[PDB]
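Here the structure is laid out as structure tokens; the discussion comes afterwards.
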Ligand SMILES: CCCCCCCCCCCCCCCCCC(=O)OC[C@H](COP(=O)(O)OCCN)OC(=O)CCCCCCCCCCCCCCCCC
Ligand SMILES: CCCCCCCCCCCC(=O)OC[C@H](COP(=O)(O)OCC[N+](C)(C)C)OC(=O)CCCCCCCCCCC
Ligand code: SF4
Ligand code: SF4
């Protein structure tokens with residue numbers, strides 16, 4: 234779950250931020266979306282076809298810009314994405330300008346989801362209610378013997394994970410982020426490999442950037458949305 | 040019906056094929072209006088106006104260090120070792136902080152005190168190894184090790200950032216009141 | 065050449081009244097001749113850097 | 002149970018604006034073209050009148 | 020010859036794939052070719068052959084029964100008709116490679132006993 | 002597509018030791034030929050003959066390896082190292098890892114017998 | 034109609050629940066029908082390529098195929114190009130070190146089919162001297178993944194056009210993700226004033242690494258689990 | 002259309018008053034746009050360190066997990082009821098083809114069934130002889146579909162896409178970005 238519950242005045246403050254973020258987005262769009270220089274730098278720059286996008290391992294906007302409607306939040310719903318209403322933007326030219334439009338629309342859809350969460354936040358626990366997995370609350374830890382034992386063990390040994398393996402993926406902001414974790418049944422993962430979307434995007438750079446000018450390369454790097462801690466883990 | 044190599048969800052949605060791009064001759068706007076927009080840079084002027092509107096709005100800047108950005112009771116800053124109201128140390132050397140520490144930043148030594156108490160003889164934090172995650176403070180069964188809200192302790196030498204037990208206890212003594220505000224605000228949530 | 069063309073108009077603008085209508089006709093002829101050269105430059109695409117690599121547009125054909 | 006938890010209002014919050022809001026402003030383009038023509042024509046009227054009067058001053062000198 | 024993929028012309032909504040001029044004959048031809056390849060190089064017993072035959076027969080029946088592209092792609096359920104042509108071509112090349120690979124046989128590398136032992 | 006870089010060789014495990022011997026001697030020739038380029042890229046103090054001597058010593062080290070698979074791996078890694086050196090992908094710091102002897106005398110006391118090693122707790 | 038009189042949301046009546054009701058459900062249950070489907074699907078694949086598929090495994094929504102290295106190119110081709118599979122995107126390639134096995138390394142491929150909204154995993158094996166066939170011919174995106182697998186583990190990929198280190202330092206000796214490679218390696222760097230350059234030296238740590246895994250539990254923690262196999266994939270009992 | 006423009010006085014930003022408000026309304030590109038400065042008396046007030054709710058907060062719990070009288074831990078111990086990974090090599094699938102399944106058997110009773118299971122478990126029947134021997138009924142029911150088609154790569158939750166056009170779209174007609182729901 235999460236480590237602590239939300240503090241008392243947070244939903245109200247998130248709502249007040251949300252009431253003005255739309256204008257904040259409109260002004261950026263005023264500077265960029267119709268600017269002819271912005272279009273000169275982005276239109277037909279870093280084009281990727283749909284088939285090549287699939288073959289290269291691209292995901293997220295890098296894929297949705299080429300016309301393919303795929304998004305893990307809709308295709309394989311996780312935590313609460315099935316309970317909220319939002320739309321998915323899909324490009325058609327597979328270029329930097331289509332990807333920019335996709336990201337700007339995703340801003341709006343995130344604002345939508347944040348408002349729905351502010352309206353539908355339910356009562357109850359925020360972590361799983363088994364003290365063999367997550368630590369019990371502190372007033373139990375200092376009063377109840379089982380709670381103290383479980384707290385001691387969780388912070389010194391850790392919980393044991395049943396042996397096995399999984400590849401698990403989510404629609405991270407930069408594309409499909411996955412982990413492949415192998416458990417040997419102990420408290421420490423046997424193997425943990427991170428699948429970073431930026432890794433595959435930078436791999437596809439040589440195919441995408443060929444025949445462009447150097448400033449086009451700068452624009453393509455920017456459109457891939459690279460953070461290098463992701464790239465080299 | 041029955042699908043072969045496919046399914047209803049892999050069928051194209053209604054309207055997935057895009058409409059044909061329009062040619063120049065099927066344009067609603069006459070060439071003179073388009074040329075006016077082209078030569079007089081209409082959207083560029085709109086962008087300049089949007090930028091100029093900001094010039095008459097309130098800026099966001101604060102005058103640090105005379106003003107300060109927002110800080111919350113949960114904030115993770117420099118470490119301290121706390122006491123009981125009697126003045127006795129709270130740490131009883133359980134070593135749960137040392138075990139949980141993801142950066143192995145804590146080094147602890149203990150034995151029986153001459154009065155029989157279980158107490159530390161050495162408590163070190165390498166602040167240049169620490170990742171300021173707060174796991175030690177969550178793990179402690181007696182609220183002994185804490186993170187204050189203090190961030191202003193930059194040093195001129197690295198040796199000054201190897202905190203021993205005296206330094207950490209002095210930090211607890213120095214910051215106890217702010218620590219009590221933070222605890223009074225966040226203890227129910229832990 | 066374009067710089068010399070432009071700078072050759074300095075004697076005209078400094079003598080426009082004195083040469084009025086005859087020189088106006090002459091300077092028009094001079095400008096038109098230079099504009100023919102501008103036309104040549106524009107139509108030959110002489111200052112365009114062509115991106116050598118272009119997307120392949122050939123169809124995919126299979127011999128069945 | 003649940004006491005003291007951050008929760009939403011009973012009726013909910015008023016809807017926020019999330020759709021694109023970039024309304025079209027300004028006269029139609031031909032109005033700007035007409036204004037430009039009028040400004041330039043008036044300026045040419047003044048400049049040519051000034052040139053002609055300057056020539057008559059040259060005659061006097 | 021068969022026109023598989025148009026790489027210019029009217030864009031359809033997927034980058035790099037353009038509108039096919041005459042897709043139904045292309046589909047029928049490619050489907051004929053793959054049925055012929057299976058019949059001439061694949062054992063009648065092999066499961067691969069039975070499955071690809073039945074699938075190709077099903078899709079060929081759908082194409083021949085229907086003149087309109089949107090009806091066809093709703094009944095096939097595997098994308099726009101251009102993508103269906105690309106799929107048929109892919110299946111044909113796979114069948115021809117399968118003829119040489121001979122997957123209906125017994126497996127050639129058995130695993131050692133330790134090979135697939137995990138922690139359970 | 003994703004194209005290979007300067008002096009890249011696709012990985013191929015030679016089925017025979019003689020077909021590997023040909024490739025190996027070709028790699029040795031490549032190293033010897035690149036020695037002056039190396040001395041220019043990496044601004045070295047020492048001479049071109051010293052570089053070529055070092056290359057010979059490297060190739061000598063595996064002169065008696067028998068198993069074909071091991072020789073294949075040694076060759077593929079040696080080619081990787083050649084590509085790294087000739088493309089200036091290495092900096093001077095990593096290139097000079099190969100020349101520990103070229104640095105000056107580290108000190109007066111490098112023990113050789115038992116007593117000297119025992120006096121330094123290295124016996 | 035001004036911001037001066039905007040309503041205070043902070044004093045609106047909040048929702049108040051008396052008791053929260055969250056029924057007890059095993060998360061695995063939601064997978065059961067899907068598990069059956071995967072079994073059926075895997076059976077088909079194994080019946081179609083019996084020359085190649087050593088086996089398969091099914092865990093909740095993840096299907097793994099196990100093949101010999103020489104099987105990689107045909108099976109992968111099938112997975113990419115068959116009409117019922119259509120796994121067009123390569124997601125990742127990595128290796129896992131199992132030092133107890135005669136073949137140390139298992140090579141893992143994950144594939145995605147956007148057409149069918151489906152994932153699949155394929156495993157093979159390798160050692161420090163026996164390579165695997167590169168799948169760059171089938172997926173360009175595989176390129177860098179195989180490089181990482183070579184850099185971290187030392188697995189070679191036959192047919193890879195440009196196979197070199199991608200993560201580690203130039204001239205780095207070792208493959209750090211092997212179980213026998215030590216956590217902090219063998220060498221460290223510093224700036225040397227005498228030589229005016231960054232130098233490499235044998236590792237020396239001011240504080241030695243403390244390995245707390247000695248405190249692992251003395252009692253078996255989870256037990257056997259339960260089997261979720263469908264009844265159509267269990268051998269019958271006589272009578 | 003929900004999500005559409007809302008006036009500036011419904012946004013929690015400072016803004017202008019008096020004659021200056023008239024000037025701003027006359028001179029704004031979009032008069033309904035806020036300035037972005039939060040209203041000081043309303044925003045993040047009271048401070049998180051002085052919330053009254055802190056002195057009434059209790060650890061939240063759900064029924065029946067919090068019951069003191071009817072929940073043994075082992076009835077909700079989901080970690081220890083984890084699904085086993087099912088491994089199938091070709092011998093097992095051979096057995097499934099020949100002898101049928103627990104669900105639908107094709108085995109005889111007594112020593113016959115145990116000996117059949119044993120001799121497939123030893124290597125007597127190979128997978129390919131297993132497949133060739135298999136009848137049409139077996140091959141269609143239990144390898145292919147009942148229609149003879151192969152099964153498609155299965156999906157846990159199928160997603161039907163719809164395209165939103167017109168006013169509810171995110172961008173207008175011209176832009177090369179469509180709205181999928
Ligand atoms: C209607 C009849 C008209 C009769 C003839 C017109 C008389 C002359 C009119 C005066 C203005 C002419 C000079 C501006 C012409 C600009 C034309 C243009 O758009 O250039 C476009 C050029 C790309 O070329 P192109 O291929 O044609 O565009 C297609 C893109 N898909 O790409 C570009 O160069 C982009 C445009 C360059 C803009 C430069 C911006 C620099 C600074 C902006 C100045 C704005 C004002 C600053 C002052 C502050 C405001 C007070
Ligand atoms: C191709 C261009 C065609 C334009 C035709 C416009 C004619 C309209 C009639 C008004 C003239 C008038 O009546 O005003 C006369 C003016 C000023 O002279 P004045 O001193 O007032 O007259 C007294 C005569 N004296 C001095 C002998 C006593 O003369 C002008 O030069 C102004 C002409 C208007 C400007 C036209 C320029 C067009 C833009 C050119 C951009 C390349
Ligand atoms: S804050 Fe985290 S890293 Fe720092 S000492 Fe505490 S547990 Fe260790
Ligand atoms: S600070 Fe707390 S957790 Fe750490 S040793 Fe002392 S009592 Fe134990």
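Protein chains in written order, with PDB author numbering: chain C, 234 to 466; chain I, 40 to 229; chain 3, 65 to 128; chain W, 2 to 62; chain F, 20 to 139; chain P, 2 to 124; chain G, 34 to 272; chain Z, 2 to 182.
Ideal Cβ positions, reconstructed from N, Cα and C, are used throughout, including at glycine.
Option in the options with minimal Cα separation from residue i
| i | options | result |
| --- | --- | --- |
| residue 90 (chain G) | 262 (chain C), 397 (chain C), 430 (chain C) and 344 (chain C) | 397 (chain C) |
| residue 277 (chain G) | 265 (chain G), 46 (chain G) and 269 (chain G) | The shown model of chain G, from 34 to 272, leaves out residue 277 (chain G), and the question about it has no answer. |
| residue 102 (chain Z) | 60 (chain Z), 118 (chain Z), 44 (chain Z) and 43 (chain Z) | 118 (chain Z) |
| residue 189 (chain I) | 88 (chain I), 216 (chain I), 100 (chain I) and 183 (chain I) | 216 (chain I) |
| residue 23 (chain W) | 266 (chain C), 331 (chain C) and 404 (chain C) | 266 (chain C) |
| residue 46 (chain I) | 118 (chain F), 129 (chain F), 96 (chain F) and 123 (chain F) | 96 (chain F) |
| residue 54 (chain F) | 129 (chain F), 21 (chain F) and 68 (chain F) | 68 (chain F) |
| residue 52 (chain G) | 62 (chain Z), 157 (chain Z) and 22 (chain Z) | 62 (chain Z) |
Limits of the beta strand (DSSP E) - the one that residue i falls within
| i | result |
| --- | --- |
| residue 179 (chain Z) | 178 to 181 |
| residue 87 (chain Z) | 87 to 90 |
| residue 346 (chain C) | Where residue 346 (chain C) is concerned, there is no enclosing beta strand (DSSP E), although the alpha helix (DSSP H) it sits in stretches over 329 to 353. |
| residue 161 (chain I) | 157 to 165 |
| residue 156 (chain G) | 151 to 159 |
| residue 108 (chain F) | Residue 108 (chain F) -> not in any beta strand (DSSP E); alpha helix (DSSP H) instead, spanning 100 to 120. |
| residue 472 (chain C) | Summary: the structure shown does not reach residue 472 (chain C), with chain C confined to residues 234 through 466, and so no result is reported for it. |
| residue 124 (chain G) | 122 to 130 |
| residue 322 (chain C) | 321 to 324 |
| residue 118 (chain I) | 118 to 120 |
Integer-rounded CB distance, given that residue j should sit under 8 Å from residue i
| i | j | result |
| --- | --- | --- |
| residue 120 (chain G) | residue 145 (chain Z) | Their Cβ separation, rounded to whole angstroms, is 20 Å, which puts residue 120 (chain G) and residue 145 (chain Z) out of contact at 8 Å. |
| residue 163 (chain Z) | residue 150 (chain G) | Not really, about 16 Å apart at Cβ, beyond 8 Å. |
| residue 37 (chain G) | residue 18 (chain Z) | 7 Å |
| residue 20 (chain W) | residue 341 (chain C) | 7 Å |
Span of the alpha helix (DSSP H), counted from its first residue to its last, around residue i
| i | result |
| --- | --- |
| residue 250 (chain C) | 243 to 265 |
| residue 218 (chain I) | 204 to 225 |
| residue 143 (chain Z) | 137 to 143 |
| residue 413 (chain C) | Looking at the DSSP string, residue 413 (chain C) is not in any alpha helix (DSSP H); the run it does join, the beta strand (DSSP E), is 408 to 416. |
| residue 440 (chain C) | 430 to 442 |
| residue 77 (chain P) | 69 to 87 |
Residues bridged to residue i (per DSSP)
| i | result |
| --- | --- |
| residue 23 (chain P) | Answer is none; residue 23 (chain P) lacks a bridge partner. |
| residue 126 (chain 3) | 21 (chain F) |
| residue 399 (chain C) | 414 (chain C) |
| residue 145 (chain I) | 164 (chain I) |
- Residues of the stretch 57 to 68 of chain Z with a CB closer than 7 Å to any CB of chain W: list them in chain order, please. 57, 58, 59, 61 and 62
- Item | the stretch 11 to 36 of chain W: positions lying closer than 9 Å to chain C by Cβ | Listed by position along the chain: 13, 14, 15, 16, 17, 18, 19, 20, 21, 22 and 23.
- Mind checking the stretch 277 to 306 of chain C against chain F and listing, in chain order, the residues whose C-beta falls within less than 9 Å of any C-beta there? Those would be 280, 281, 282, 283, 284, 285, 286, 298, 299, 300 and 301, in chain order.
- Item | Residues, ordered as in the chain, of the stretch 137 to 170 of chain Z that lie near chain C by beta-carbon distance below 8 Å | Hits within the stretch, in order: 157, 158, 160, 162 and 165.
- Compile a chain-ordered list of the residues in the stretch 55 to 79 of chain P whose CB is closer than 8 Å to at least one CB of chain G. 68, 70, 71, 73, 74 and 77
- Item | Within 7 Å of chain F by C-beta, residues of the stretch 315 to 329 of chain C in sequence order | 325, 326 and 327
- Residues of the stretch 33 to 45 of chain Z with Cβ closer than 8 Å to any Cβ of chain G, in chain order: 40 and 43
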